[PDB]
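Undergrad: please find the sequence and an experimentally derived structure below.
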Amino acid sequence: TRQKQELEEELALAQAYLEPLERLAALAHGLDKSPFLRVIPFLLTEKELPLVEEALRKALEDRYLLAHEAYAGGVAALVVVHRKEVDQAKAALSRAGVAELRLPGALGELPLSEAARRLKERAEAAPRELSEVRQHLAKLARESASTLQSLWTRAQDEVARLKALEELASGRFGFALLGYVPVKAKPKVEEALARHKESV
Amino acid sequence: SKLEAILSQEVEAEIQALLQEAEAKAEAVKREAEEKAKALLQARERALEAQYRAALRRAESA
Amino acid sequence: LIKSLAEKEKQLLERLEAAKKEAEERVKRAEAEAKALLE
């Protein structure tokens, strides 16, 4: 139940940003970890690219490669200028409305090429993994639910006996109790009373 | 592009500074080696001359 | 996006490698000069 839920959530998070991160890593083929420029990619809305270009012109104009390539459901406006100037430019772009793609797990926590490779591997493996996990869970249910139900019935019986033992009244190494049974059921109750170890 | 170009210009300036520092270190090392060899050769020659003079003095006394 | 950034980073890396090679050559020259002076 942990593994199948984790595989389903991993498939969902991988399919949430599969193609757009691939297009961003395709567009980021010159400065992925180059030591002169950061990479703020924003899978953003429609053509407010001039409003982000206002913040890009607030950054350097002969620098800050900032454009949306493809997969325009979230238009992948990637921006690459500097370290500190790109930090100020990302702050100004978020003031104009922008967000660097900080996903959870490792896809928004690793380098985008390795993140895309791991996300592609997870999206390729998670379907067959979820199917085999569902098959294993169904087989385990069909093979163990009978013993689980028998153990649950025995445990319910033992716990009911334990709860009934609390409601007794002792007599200082003696015990006495009262109850109510039908006079039409007095024959089977008397047969069970004779079936006791003493017929008390 | 402009920021990568400015960083490349700064990298070229740093490479020139590193080459200048290596050249200055080599020059100072050669100067110190020459001074040490000169002092050692002068000390050894003066010690040989002084030992020769003292031995000649003791031999002339004998 | 690709060409200018990758080419500028590769050019700066090649300049740094050439500077390291020149510094190592100057260091080897100074070491050989000190060895010849000592000999």
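TA: Perfect, thanks for sending it. Residues are numbered from 1 along each chain as shown, chains lettered A, B, ... in the order given.

Undergrad: show me the helices in chain C, by range?
TA: All helices of chain C, identified by DSSP state H, fall at C:3-38.

Undergrad: nope, chain B is what I meant
TA: B:2-61.

Undergrad: need the residue closest to the centroid of it.
TA: For chain B, the residue nearest the mean C-alpha position is residue B:32 (2.1 Å; Cα atoms, centre = their mean).

Undergrad: check the offset of the helix or strand containing residue A:14 from the chain's centre.
TA: For residue A:14, the element it lies in under DSSP states H and E is helix A:2-16. Distance, stretch centre to chain centre, for helix A:2-16: 6 Å (Cα atoms, centre = their mean, to the nearest Å).

Undergrad: and what of stretch A:54-65?
TA: Remark: stretch A:54-65 is offset 39 Å from the chain centroid, using Cα atoms, centre = their mean.

Undergrad: whatever residue of chain A ends up closest to chain C: what's it in contact with?
TA: As assessed by Cβ to the nearest Cβ, chain C sits closest to residue A:30 within chain A, at 3.0 Å. C-beta: built from backbone N, CA, C; applies to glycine. Neighbouring residues of residue A:30 by Cβ atoms under 8 Å, 6 or more residues apart in numbering or on different chains: C:1-7, C:9.

Undergrad: ok, 6 Å please
TA: With contacts defined as Cβ atoms under 6 Å, 6 or more residues apart in numbering or on different chains, residue A:30 is in contact with C:1-2, C:5-6.

Undergrad: of those, select the buried ones using a ChimeraX command.
TA: Here is the ChimeraX command that selects the buried residues among those (16 or more other Cβ atoms under 10 Å in any protein chain shown):
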select /C:1,5,6
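
Undergrad: so which of the contacts of residue A:30 reach chain A?
TA: Restricting the contacts of residue A:30 to those near chain A by Cβ under 6 Å from any Cβ of the partner chain leaves C:1-2, C:5-6.

Undergrad: residue numbers of chain C in contact with chain B?
TA: Counting by Cβ under 6 Å from any Cβ, chain C sits next to chain B at C:4-5, C:8, C:12, C:15, C:19, C:22-23, C:26, C:30, C:33-34, C:37.

Undergrad: how much space between residue A:153 and residue A:159?
TA: As judged by Cβ to Cβ, to the nearest Å, residue A:153 and residue A:159 stand 11 Å apart.

Undergrad: next helix or strand past the one helix or strand residue A:53 maps to?
TA: Secondary structure assignment for residue A:53, by DSSP H and E: helix A:49-58. Moving toward the C-terminus from helix A:49-58, the next helix or strand (DSSP H and E) is strand A:65-68.
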